[PDB]
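Trainee: A single structure is presented below for examination.
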Amino acid sequence: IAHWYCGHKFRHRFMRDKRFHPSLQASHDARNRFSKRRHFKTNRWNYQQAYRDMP
Amino acid sequence: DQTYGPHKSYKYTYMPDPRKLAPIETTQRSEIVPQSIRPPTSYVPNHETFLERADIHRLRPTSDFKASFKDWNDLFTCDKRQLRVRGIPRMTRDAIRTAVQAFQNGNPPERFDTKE
Amino acid sequence: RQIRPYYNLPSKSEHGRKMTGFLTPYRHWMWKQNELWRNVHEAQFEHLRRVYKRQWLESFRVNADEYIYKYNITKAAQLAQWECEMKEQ
Amino acid sequence: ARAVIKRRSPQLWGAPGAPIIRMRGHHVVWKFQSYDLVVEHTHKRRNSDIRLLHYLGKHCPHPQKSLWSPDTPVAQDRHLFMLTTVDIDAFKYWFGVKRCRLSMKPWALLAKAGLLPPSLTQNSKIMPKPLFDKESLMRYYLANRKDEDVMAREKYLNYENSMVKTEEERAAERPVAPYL
Amino acid sequence: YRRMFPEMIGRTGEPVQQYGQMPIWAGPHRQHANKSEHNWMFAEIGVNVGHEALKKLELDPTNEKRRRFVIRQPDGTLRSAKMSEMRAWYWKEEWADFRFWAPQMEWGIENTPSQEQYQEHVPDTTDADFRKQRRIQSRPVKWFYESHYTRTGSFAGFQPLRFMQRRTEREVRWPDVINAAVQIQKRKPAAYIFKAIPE
Amino acid sequence: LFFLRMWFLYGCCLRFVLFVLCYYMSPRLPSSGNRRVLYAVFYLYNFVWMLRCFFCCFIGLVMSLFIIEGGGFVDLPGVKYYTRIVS
Amino acid sequence: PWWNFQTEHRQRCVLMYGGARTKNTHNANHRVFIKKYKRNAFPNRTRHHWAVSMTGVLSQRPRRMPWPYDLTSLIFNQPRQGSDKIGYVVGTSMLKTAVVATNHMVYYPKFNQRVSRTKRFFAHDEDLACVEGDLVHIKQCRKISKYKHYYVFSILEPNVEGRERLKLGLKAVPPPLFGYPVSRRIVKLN
Amino acid sequence: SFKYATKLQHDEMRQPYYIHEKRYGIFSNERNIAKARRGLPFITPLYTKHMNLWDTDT
Amino acid sequence: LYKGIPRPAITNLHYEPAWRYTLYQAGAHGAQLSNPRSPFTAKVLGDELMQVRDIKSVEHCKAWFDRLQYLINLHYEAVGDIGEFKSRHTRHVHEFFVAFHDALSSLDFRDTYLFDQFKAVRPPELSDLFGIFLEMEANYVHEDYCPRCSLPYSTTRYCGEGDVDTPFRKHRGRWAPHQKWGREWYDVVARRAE
Amino acid sequence: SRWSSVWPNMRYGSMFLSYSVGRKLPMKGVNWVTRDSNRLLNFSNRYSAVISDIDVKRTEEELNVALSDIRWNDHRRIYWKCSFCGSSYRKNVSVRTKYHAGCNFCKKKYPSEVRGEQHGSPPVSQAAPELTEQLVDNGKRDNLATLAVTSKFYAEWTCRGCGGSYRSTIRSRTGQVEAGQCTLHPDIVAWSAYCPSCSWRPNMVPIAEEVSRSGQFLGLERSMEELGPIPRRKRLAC
Amino acid sequence: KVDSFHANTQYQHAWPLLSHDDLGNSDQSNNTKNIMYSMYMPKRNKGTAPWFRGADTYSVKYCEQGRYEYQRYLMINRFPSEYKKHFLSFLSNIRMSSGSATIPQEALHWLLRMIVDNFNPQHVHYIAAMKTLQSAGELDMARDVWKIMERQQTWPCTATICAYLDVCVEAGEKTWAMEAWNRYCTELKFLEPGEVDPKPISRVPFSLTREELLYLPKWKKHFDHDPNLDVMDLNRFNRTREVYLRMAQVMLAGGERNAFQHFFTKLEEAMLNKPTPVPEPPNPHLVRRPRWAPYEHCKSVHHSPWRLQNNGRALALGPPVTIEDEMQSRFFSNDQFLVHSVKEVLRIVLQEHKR
RNA sequence: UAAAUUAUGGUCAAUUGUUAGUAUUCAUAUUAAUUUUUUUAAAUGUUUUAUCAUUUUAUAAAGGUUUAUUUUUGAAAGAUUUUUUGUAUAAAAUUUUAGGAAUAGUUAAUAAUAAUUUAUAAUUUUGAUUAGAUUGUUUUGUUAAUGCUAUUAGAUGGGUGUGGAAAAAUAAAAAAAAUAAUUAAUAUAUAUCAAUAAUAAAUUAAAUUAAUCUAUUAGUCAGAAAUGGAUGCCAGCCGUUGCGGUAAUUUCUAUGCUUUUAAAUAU
Ligand SMILES: [Mg+2]
Ligand SMILES: [Mg+2]
Ligand SMILES: [Mg+2]
Ligand SMILES: [Mg+2]
Ligand SMILES: [Mg+2]
Ligand SMILES: [Mg+2]
Ligand SMILES: [Mg+2]
Ligand SMILES: [Mg+2]
Ligand SMILES: [Mg+2]
Ligand SMILES: [Mg+2]
Ligand SMILES: [Mg+2]
Ligand SMILES: [Mg+2]
Ligand SMILES: [Mg+2]
Ligand SMILES: [Zn+2]
Ligand SMILES: [Zn+2]
Ligand SMILES: [Zn+2]
């Protein structure tokens with residue numbers, strides 16, 4: 001591992017590689033991989049009545 | 001970290017090959033097509049008149065080199081390398097040699113002076 | 001280039017080129033002669049052009065239809081193989 | 001058609017022009033230098049590969065001793081050798097069908113090979129260029145001219161179709177009894 | 001063997017034949033041209049030719065797509081290539097069959113020249129090489145007195161480990177003195193002394 | 001290998017610097033003495049950086065610019081660069 | 001000659017026998033990152049660049065390369081790659097325009113495994129058959145508008161539930177409950 | 001399996017040229033070579049993939 | 001089975017041999033004379049044109065043989081002095097002969113056409129060739145000359161002096177003194193003859 | 001300048017160059033002395049010819065090398081004057097003794113290099129004795145008349161027309177070549193009759209003649225008069 | 001590839017080792033054997049044994065192979081638009097590739113090339129090639145076209161049969177027309193009162209139900225335009241009487257009275273007692289629908305002051321050769337076609353007399 | 001759910017660091033490079049023509065682009081006596097930053113419409129747009145090896161729009177409409193980024209044409225190789241454990257001695 005890529009440590013390289021790993025990729029189940037925590041508890045106090053046009 | 005330089009110096013023997021030193025059958029190309037020199041015309045009587053009528057370009061100042069040739073045969077006996085020995089600059093000596101071989105082909109150095 | 005000799009018709013002009021290509025009749029005759037000689041060369045040259053053209057066309061016929069022979073046999077074989085695999089299917 | 005012409009490497013017509021067979025190699029010390037016979041366009045770009053139609057061959061302009069063949073007391077074979085690789089199917093295609101152009105040096109080569117007659121620029125300065133007058137030429141022509149049909153058929157065989165069918169292969173190709 | 005397998009010694013070859021010349025319309029004016037200093041070999045290349053896999057099929061005189069060679073002799077004629085000259089245009093082939101007599105093998109003691117064998121120049125004298133453990137050498141022409149069936153081939157197909165090996169490394173890092181096992185050599189002295197040597 | 005010690009070589013093996021100060025610093029125990037440290041300057045992309053390096057060199061008649069090379073570690077903590085020659 | 005050692009070299013101009021004529025590009029350069037910004041203020045909202053950035057595409061490790069072999073090429077013989085696509089219709093807000101979500105394939109040779117990515121297309125349905133949630137076949141064609149190169153070739157599966165849902169005057173599909181994520185906290189009560 | 005087989009500059013390691021003909025027709029590239037913008041950086045893509053791997057047909 | 005497309009007619013070509021054609025012959029393309037030794041070519045060219053054709057190979061072979069009998073007649077008595085500092089060496093003839101024999105028998109140069117010419121080209125006095133070499137072995141054994149290089153004892157100090165083709169003196173090597181006759185070299189000559 | 005550094009061309013004849021420090025150094029460590037065993041003059045029983053080929057005047061002048069100091073194997077390059085053709089050259093004794101190397105002209109002395117004496121051609125003194133007088137006179141003209149009439153020897157002749165001296169080949173002068181060698185130019189005999197400078201005028205006579213006759217010149221003329229039973233193949237034209 | 005300092009194309013085919021002069025190992029005089037093996041020859045990696053590329057490295061089985069047997073069937077499909085473009089291109093190339101530069105044989109070349117490129121040579125191409133070749137007076141190559149079509153198992157339509165029978169008659173070979181007849185046109189009928197006159201096009205053209213699309217193998221879904229599929233619908237206009245006429249001409253040309261009498265009698269009878277079939281409109285592909293142009297900018301008739309220049313707007317020169325002033329043969333009534341048929345037979349009598 | 005043989009076939013995968021309790025790809029090794037050396041480049045005036053004009057001569061200036069760059073024959077090739085055709089500008093894949101939020105002359109339909117046509121529009125968390133860095137999809141190095149690690153360079157908007165095609169304002173090494181020339185590859189002293197020269201680095205001599213060059217380093221505790229003399233926690237050594245406290249085989253100096261001989265050292 002060339003030392004100039006990513007951080008000054010080695011493990012930073014493998015931490016950004018986990019971003020490209022095949023079986024780790026973003027889909028309908030696993031979402032917002034890179035910032036999970038900025039979006040957390042965001043809608044707790046947002047009250048949305050669900051959509052029903054059928055009785 | 002590699003400060004030490006190469007591990008070995010690989011060198012091969014020189015051992016002369018009896019097969020590569022074997023006599024080579026030779027021909028001289030002057031035998032196949034004989035060389036000759038065209039005698040001067042009334043148009044071009046001297047080597048200096050020649051260098052005068054081959055002078056066209058501003059940068060091919062042929063006429064300035066008249067002294068570096070002793071006679072007629074001296075001119076047509078010159079080739080480019082030996083023509084460099086005598087200290088003629090580059091594109092000038094190409095103009096000269098071109099002119100000479102052209103005269104040899106049956107085309108005399110008749111061309112309009114472009115300097116003006 | 002087009003050679004412009006010194007005995008071509010001199011144009012007296014200060015606004016343009018000093019020498020117009022216009023020929024002494026001698027120059028015209030001369031030019032005609034030289035050009036006849038090179039005509040002699042290019043006759044054989046283009047003769048060889050079209051000769052090689054038909055050579056290449058003919059070889060293309062023969063090899064290409066040999067190719068079509070072998071190839072058609074191949075694709076006939078493949079097609080047979082397939083409809084068989086589908087009967088089995 | 002460039003406003004400020006590229007002065008050093010002019011050509012004729014627009015680029016890319018008709019394909020021309022050239023000899024070219026990178027310049028180096030004379031001891032190692034080779035050339036490439038290449039069909040390419042008239043206007044080259046920086047790297048010669050951009051317009052390159054076909055690669056005709058390598059030509060090495062160094063007379064060589066033949067160490068591949070056994071040393072042969074025959075006089076002529078022990079002259080030095082000059083090695084060249086010609087691709088002649090592509091050559092005959094390009095030259096013949098596509099109607100190429102030719103620089104002079106490749107022409108000299110392919111003349112040596114027997115693909116082309118010697119070039120226009122190869123001059124024994126011994127002989128002059130010939131003279132001509134039409135009445136003498138006419139006397140020679142009236143003296144020898146072949147028959148019209150003979151000539152027409154020769155032009156037929158050289159230019160148009162060569163391979164023809166003798167009556168025999170006709171008779172051998174025409175259907176037999178059940179469909180005859 | 002000779003009686004039972006007559007076809008194992010080739011007695012036949014494709015004859016060297018002269019090609020007909022193409023007519024030059026320019027006549028004598030150009031006749032000087034194709035007559036020159038040297039021989040000119042021309043081997044064909046293309047999509048159908050030059051592939052080692054197919055080599056024999058391409059040198060086969062029966063095949064009509066056979067690769068074409070030609071040679072201009074210095075007098076201007078043209079002839080077909082001798083079989084040697086044909087084979088010159090393929091990557092070099094090594095034939096040695098070990099099954100009856102030993103083929104001569106490269107990188108031996110009497111084979112390898114000095115600088116590869118030892119890192120020093122060693123004089124080649126035909127008498128008494130102590131390094132090569134020979135007493136004397138009479139030096140006849142190699143394949144002359146020996147029987148021809150005995151000559152088998154040569155084998156270069158291995159690494160010459162005294163000389164050059166793969167993945168070269170220091171055998172021992174300390175002390176600083178040892179190198180890879182290919183560097184064997186005597187010590188060079190403090191500055192050289194030259195004794196005049198007619199003696 | 002420690003790649004962050006080389007920060008001011010900026011991917012180069014050697015550097016050119018100008019002399020400014022020369023002061024003395026005491027090494028990490030149990031090594032006592034005075035280690036001579038030269039405080040140098042150089043510029044890259046029109047930024048002027050102050051480099052701080054170990055003076056092992058030989059000073060003759062008064063001179064200005066040195067040649068900086070990176071080493072292994074030395075007695076003195078915090079000083080990565082060493083001096084090759086003085087010009 | 002790339003197979004010869006450092007010391008074994010004589011001429012640099014030619015290959016004597018054969019092999020590959022190779023230019024050595026110097027791979028180890030110790031290239032470095034210049035730091036022009038304070039860690040506090042970096043002039044981008046979403047991302048920050050603190051180190052040497054790997055560059056190229058396909059020169060990018062770990063390599064991710066186009067995979068021709070997937071469902072779409074499995075079913076179709078395509079004259080040109082991407083000339084056929086099977087997908088679902090997502091939304092019709094535009095007249096004679098069906099948006100279509102489609103999957104394609106990427107291969108990681110390092111790990112020897114495939115991933116499915118997804119991409120949206122604008123397809124041209126004249127006559128407006130496609131209801132959101134249709135399974136459609138889609139083809140490459142004439143340039144139609146700025147972004148539409150694709151047209152709806154065939155409906156594989158129509159949406160029967162969605163069509164009957166429309167017939168009753170209701171939207172084809174209920175509108176998604178939440179939109180895109182935010183970095184704020186919205187306090188909205190009653 | 002070794003380094004020499006990494007170098008595709010040999011013609012023995014590289015899928016041959018003619019494949020691209022077999023897919024797009026013979027003498028098809030001579031057209032492409034005369035194109036206005038060529039080889040800076042890009043040329044009309046040259047498809048050479050061993051014919052048993054073709055996604056289209058197989 | 002019968003769903004999806006009709007069965008391509010060309011399939012028939014598999015089961016029916018009637019449809020396997022080649023419209024043209026092998027060389028009808030203009031290459032017919034490629035095979036120099038085919039009966040077709042012998043019929044087209046006729047015999048005297050084939051003679052004209054192979055004359056060059058015939059004179060190749062005759063050239064080899066002529067060189068060989070020149071060298072034999074020159075060096076036949078093995079020991080003499082034929083030139084200024086140069087004297088006869090059987091070894092010359094030997095090595096040439098080996099060049100010849102390699103032209104024929106080797107698998108690197110394999111020029112075998114040379115051997116098709118022997119029934120004609122080959123000189124009647126050279127038929128016995130190894131016999132002539134044995135005679136040379138008998139002449140090689142003279143006492144005034146060194147048993148190894150065959151240079152004269154009186155006028156020469158070393159093996160290989162003033163010989164162009166000598167094996168015994170190599171480039172940076174050393175000179176070897178003349179070796180003397182005795183049972184060693186006697187049975188060397190003997191084993192060679194054998 | 002820069003280009004001074006370029007290695008010269010080494011043609012096929014020449015062995016090892018010694019142009020590099022590595023190639024020079026090990027021979028720089030060889031120091032020769034002339035003893036009684038090394039001295040050329042002791043060995044005249046063998047090398048007598050080699051002794052009588054040395055330039056005794058010129059070597060001691062230019063090289064400061066006495067003739068008693070010259071080893072039979074001597075590596076130094078000294079001046080020679082060929083006792084056959086009489087031309088001067090500079091070589092080392094070692095190379096003339098170890099193999100035969102000597103004046104470069106007498107390399108081409110025989111009609112073909114490949115086969116040295118194999119010629120069956122008569123000498124010049126016989127076939128064309130009228131040539132022997134045109135040789136520039138160095139006193140060696142009796143040795144040069146001894147050569148083959150087919151010989152490729154490069155000799156100098158005094159031109160008939162201008163009385164000056166030029167250099168051509170014996171076989172080029174006679175016109176005759178040996179069977180199996182390369183044919184020369186058909187006109188070579190007429191063209192080498194004179195100087196390269198004096199040759200043009202005489203050979204332009206028949207051309208002016210042929211344009212005087214017919215008012216038209218084509219080089220064709222010779223081949224035409226060559227025209228005023230040939231086996232030929234069956235053709236596929238039909 | 002070429003001309004660069006690092007140029008690989010020049011090294012990619014085999015060459016004998018070059019020693020002209022000193023290449024750094026002093027190659028002019030030096031025996032390079034070990035230098036050859038350990039240095040000059042490419043190796044697998046630095047220090048490994050030399051990698052041998054020679055003929056002995058490959059197996060024997062490369063030379064056991066017949067030609068072109070390494071090829072596999074290639075299904076290449078392409079857009080419908082592109083099929084039209086390509087078929088047109090091949091058509092106009094078969095007509096003529098170059099202006100005076102076209103050899104007759106070139107039509108044959110282009111048909112063959114069309115096959116080599118994995119296209120199906122449709123009926124238009126065959127008719128065009130045959131008419132071109134025959135009009136160049138080259139009759140063997142015409143039959144060669146036919147044999148190509150037979151080898152591709154393409155069922156000739158009625159039009160194609162006509163063309164090939166024209167080639168047969170002009171060649172005067174009856175034995176061709178007989179096999180052609182026997183194989184293809186046998187069941188060819190005439191048109192009667194109960195017949196329906198020009199038959200509608202009945203073909204579906206080819207589609208896929210979603211189950212056909214998904215569940216079938218790759219080849220069953222592969223549609224290349226194949227001549228055989230519409231052969232029925234090329235024949236929908238009943239050109240039969242032409243075939244019978246041509247066949248009469250052949251049987252006459254080959255000098256056989258009974259067979260000729262047969263065909264000509266069948267034809268005569270049908271022409272008298274059966275309805276006249278509806279003629280087919282002009283084929284879009286063989287002859288092109290005239291496109292609208294203004295004729296305004298044109299060299300005037302008198303444009304050159306020295307002569308009469310013919311012009312695109314009108315012909316001032318006059319007809320060079322007399323034309324018969326009759327519509328194309330298919331537009332005739334049945335009685336008219338009877339007359340035409342007799343004049344045709346006479347013409348063949350004349351031609352045979354001249355041969 | 002059975003073995004197999006008419007016997008080595010279808011052509012070579014093979015890994016070398018003297019460490020310091022133990023856990024963890026991390027100093028000192030080899031190969032490849034930068035450190036390092038003037039044996040391959042080059043000078044200005046492009047050229048015809050019908051005369052103040054008109055024909056020929058189309059991708060190396062910079063800027064920094066990651067959903068990005070895409071095209072014809074009407075020029076030339078090119079062959080007939082004149083009207084000659086159709087196919088093109090579109091797309092699909094692969095796209096970087098440790099810690100991540102909104103973007104915008106804006107989508108789609110109409111049409112040779114609309115600076116105010118119609119509409120429930122378009123891009124984004126499957127990571128957008130700005131912003132940093134960066135010349136994109138046959139080129140390298142290491143390696144037994146899925147890897148890791150390189151690859152230059154070249155397409156920067158419009159504004160009388162010429163031309164077949166804008167590629168159009170020094171910087172060739174492309175013969176440019178009569179064979180300028182091919183006995184030519186040599187170009188003197190300049191440059192840019194390349195292009196690996198310590199080429200038998202030491203004893204028998206160069207089948208020459210004798211031309212360029214006069215050519216050296218390191219260690220000396222551990223681990224090949226030591227003694228005097230100073231110095232005294234100082235001066236200094238330091239790849240690393242560590243050394244220096246009047247006896248230092250570890251500093252400095254002198255002399256010897258050691259090396260497996262394209263150098264040490266730095267990155
Ligand atoms: Mg290094
Ligand atoms: Mg760093
Ligand atoms: Mg420390
Ligand atoms: Mg690798
Ligand atoms: Mg630019
Ligand atoms: Mg940016
Ligand atoms: Mg894309
Ligand atoms: Mg696009
Ligand atoms: Mg502007
Ligand atoms: Mg020790
Ligand atoms: Mg120290
Ligand atoms: Mg003290
Ligand atoms: Mg001490
Ligand atoms: Zn002896
Ligand atoms: Zn002499
Ligand atoms: Zn004279």
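Labeling convention for the structure tokens: chains A, B, ... as they appear, residues from 1 per chain, ligands from 1 in order of appearance.
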Name all residues at most 10 Å from residue 38 (chain I) (count only C-alpha atoms (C1' of nucleotides); drop same-chain ones fewer than 5 positions away) and give them as a list in words.
Mentor: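 Selected residues are residues 61 and 62 of chain E; 32, 33 and 43 of chain I.
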Trainee: Show me, as number ranges by chain, every residue of chain G with an atom at most 10 Å from chain K, counting only C-alpha atoms.
Mentor: G: 1-5, 8-23, 73-80, 83, 137, 140-141, 154-157
Trainee: Taking only C-alpha atoms (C1' of nucleotides) and all ligand atoms into account, list the residues no farther than 8 Å from ligand 10, as a ChimeraX atom specification.
Mentor: /L:223-225
Trainee: With a distance cut-off of 12 Å and only C-alpha atoms (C1' of nucleotides), select the neighbouring residues of residue 16 (chain C), excluding the residue or stretch itself and same-chain residues fewer than 6 positions from it, and output the selection as a PDB file with N, CA, C and O atoms (P, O5', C5', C4', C3', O3' and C1' of nucleotides), in the first residue's frame.
Mentor:
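Contents of the output file around_35.pdb:
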ATOM      1  N   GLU B 116      15.340  38.524 -54.331  1.00  0.00           N
ATOM      2  CA  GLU B 116      14.622  39.785 -54.373  1.00  0.00           C
ATOM      3  C   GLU B 116      13.132  39.622 -54.063  1.00  0.00           C
ATOM      4  O   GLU B 116      12.561  40.438 -53.330  1.00  0.00           O
TER       5      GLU B 116
ATOM      6  N   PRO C  10       9.995  37.591 -67.578  1.00  0.00           N
ATOM      7  CA  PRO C  10      10.110  38.358 -66.340  1.00  0.00           C
ATOM      8  C   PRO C  10       8.951  39.330 -66.210  1.00  0.00           C
ATOM      9  O   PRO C  10       8.635  40.067 -67.148  1.00  0.00           O
TER      10      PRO C  10
ATOM     11  P     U L  49       5.022  29.750 -60.942  1.00  0.00           P
ATOM     12  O5'   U L  49       3.562  30.300 -61.232  1.00  0.00           O
ATOM     13  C5'   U L  49       2.579  29.461 -61.810  1.00  0.00           C
ATOM     14  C4'   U L  49       1.204  30.007 -61.556  1.00  0.00           C
ATOM     15  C3'   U L  49       1.033  31.494 -61.810  1.00  0.00           C
ATOM     16  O3'   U L  49       0.887  31.808 -63.185  1.00  0.00           O
ATOM     17  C1'   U L  49       0.043  30.928 -59.746  1.00  0.00           C
ATOM     18  P     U L  51      -2.473  38.591 -64.248  1.00  0.00           P
ATOM     19  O5'   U L  51      -2.061  39.152 -62.819  1.00  0.00           O
ATOM     20  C5'   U L  51      -2.973  39.142 -61.725  1.00  0.00           C
ATOM     21  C4'   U L  51      -2.460  39.968 -60.573  1.00  0.00           C
ATOM     22  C3'   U L  51      -2.099  41.402 -60.940  1.00  0.00           C
ATOM     23  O3'   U L  51      -2.303  42.244 -59.807  1.00  0.00           O
ATOM     24  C1'   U L  51      -0.178  40.303 -60.152  1.00  0.00           C
ATOM     25  P     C L  52      -3.751  42.867 -59.495  1.00  0.00           P
ATOM     26  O5'   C L  52      -3.845  42.789 -57.909  1.00  0.00           O
ATOM     27  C5'   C L  52      -3.005  41.906 -57.171  1.00  0.00           C
ATOM     28  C4'   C L  52      -2.460  42.554 -55.919  1.00  0.00           C
ATOM     29  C3'   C L  52      -3.496  43.208 -54.998  1.00  0.00           C
ATOM     30  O3'   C L  52      -3.050  43.080 -53.647  1.00  0.00           O
ATOM     31  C1'   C L  52      -1.920  44.822 -55.668  1.00  0.00           C
ATOM     32  P     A L  53      -3.921  42.275 -52.563  1.00  0.00           P
ATOM     33  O5'   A L  53      -5.226  41.844 -53.362  1.00  0.00           O
ATOM     34  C5'   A L  53      -5.779  40.547 -53.205  1.00  0.00           C
ATOM     35  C4'   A L  53      -6.431  40.080 -54.480  1.00  0.00           C
ATOM     36  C3'   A L  53      -6.744  38.598 -54.565  1.00  0.00           C
ATOM     37  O3'   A L  53      -7.937  38.259 -53.888  1.00  0.00           O
ATOM     38  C1'   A L  53      -5.676  39.281 -56.547  1.00  0.00           C
TER      39        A L  53
END
Trainee: Near residue 6 (chain G), within 10 Å and counting only C-alpha atoms (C1' of nucleotides), which residues show up once chain neighbours fewer than 4 positions away are dropped, as a PyMOL selection string?
Mentor: (chain B and resi 5-10) or (chain G and resi 2+10) or (chain L and resi 31-32+196+262)
Trainee: What does the structure give for the distance between CA of residue 63 (chain E) and CA of residue 34 (chain I), in Å to one decimal?
Mentor: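 Straight-line distance from CA of residue 63 (chain E) to CA of residue 34 (chain I) works out to 7.9 Å.
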Trainee: List as a tab-separated table every residue of chain C that is in contact with chain I, defined as an atom at most 6 Å from one of its atoms (using only C-alpha atoms), together with the nearest atom pair and the distance in Å rounded to one decimal, sorted by chain and then rising number.
Mentor:
residue	atom	partner	partner_atom	distance
C:58	CA	I:29	CA	5.6
C:59	CA	I:29	CA	5.1
C:62	CA	I:29	CA	5.9
C:76	CA	I:11	CA	4.5
C:77	CA	I:14	CA	5.8
C:79	CA	I:11	CA	5.8
Trainee: Do me a favour and pick out the residues of chain I within 9 Å of chain L, using only C-alpha atoms (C1' of nucleotides), as a PDB file with N, CA, C and O atoms, in the first residue's frame.
Mentor:
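iface.pdb, freshly written:
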ATOM      1  N   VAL I 164      45.957 -19.134 -40.211  1.00  0.00           N
ATOM      2  CA  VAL I 164      44.771 -18.313 -40.068  1.00  0.00           C
ATOM      3  C   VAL I 164      43.658 -19.039 -39.295  1.00  0.00           C
ATOM      4  O   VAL I 164      43.023 -18.453 -38.413  1.00  0.00           O
ATOM      5  N   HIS I 171      41.876 -15.937 -28.633  1.00  0.00           N
ATOM      6  CA  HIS I 171      42.116 -14.498 -28.578  1.00  0.00           C
ATOM      7  C   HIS I 171      43.051 -14.044 -27.466  1.00  0.00           C
ATOM      8  O   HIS I 171      44.172 -13.623 -27.738  1.00  0.00           O
ATOM      9  N   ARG I 172      42.599 -14.098 -26.224  1.00  0.00           N
ATOM     10  CA  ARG I 172      43.447 -13.665 -25.122  1.00  0.00           C
ATOM     11  C   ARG I 172      44.172 -14.834 -24.471  1.00  0.00           C
ATOM     12  O   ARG I 172      44.755 -14.686 -23.398  1.00  0.00           O
ATOM     13  N   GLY I 173      44.110 -16.002 -25.105  1.00  0.00           N
ATOM     14  CA  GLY I 173      44.791 -17.186 -24.599  1.00  0.00           C
ATOM     15  C   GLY I 173      46.308 -17.124 -24.730  1.00  0.00           C
ATOM     16  O   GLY I 173      46.866 -16.049 -24.947  1.00  0.00           O
ATOM     17  N   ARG I 174      46.979 -18.265 -24.579  1.00  0.00           N
ATOM     18  CA  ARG I 174      48.442 -18.312 -24.610  1.00  0.00           C
ATOM     19  C   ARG I 174      48.952 -19.250 -25.695  1.00  0.00           C
ATOM     20  O   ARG I 174      48.198 -20.061 -26.221  1.00  0.00           O
ATOM     21  N   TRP I 175      50.232 -19.133 -26.034  1.00  0.00           N
ATOM     22  CA  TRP I 175      50.844 -20.026 -27.019  1.00  0.00           C
ATOM     23  C   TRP I 175      51.288 -21.342 -26.396  1.00  0.00           C
ATOM     24  O   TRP I 175      51.837 -21.367 -25.297  1.00  0.00           O
TER      25      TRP I 175
END
Trainee: For ligand 4, list the contacting residues at 9 Å or closer, counting only C-alpha atoms (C1' of nucleotides) and all ligand atoms, as JSON, numbers by chain.
Mentor: {"H": [2, 3, 6], "L": [142, 143, 145, 147, 148]}
Trainee: Can you tell me how far CA of residue 97 (chain I) sits from CA of residue 144 (chain E), in Å to one decimal?
Mentor: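 Going from CA of residue 97 (chain I) over to CA of residue 144 (chain E), I get 8.0 Å.
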Trainee: Quick check for you: according to DSSP on this backbone, which residues of region 30-103 of chain D are classed as strand (DSSP E)? Reply as a PyMOL selection string.
Mentor: chain D and resi 35-40+54-59+81-86+101-102
Trainee: What are the closest atom pairs, with distances in Å to one decimal, for all residues of chain D lying within 8 Å of chain I? Consider only C-alpha atoms, order rows by chain and residue number, and present the result as CSV.
Mentor:
residue,atom,partner,partner_atom,distance
D:68,CA,I:109,CA,7.1
D:69,CA,I:109,CA,6.0
D:70,CA,I:103,CA,5.8
D:71,CA,I:99,CA,7.0
D:72,CA,I:64,CA,7.2
D:73,CA,I:64,CA,5.9
D:74,CA,I:63,CA,5.8
D:163,CA,I:28,CA,6.4
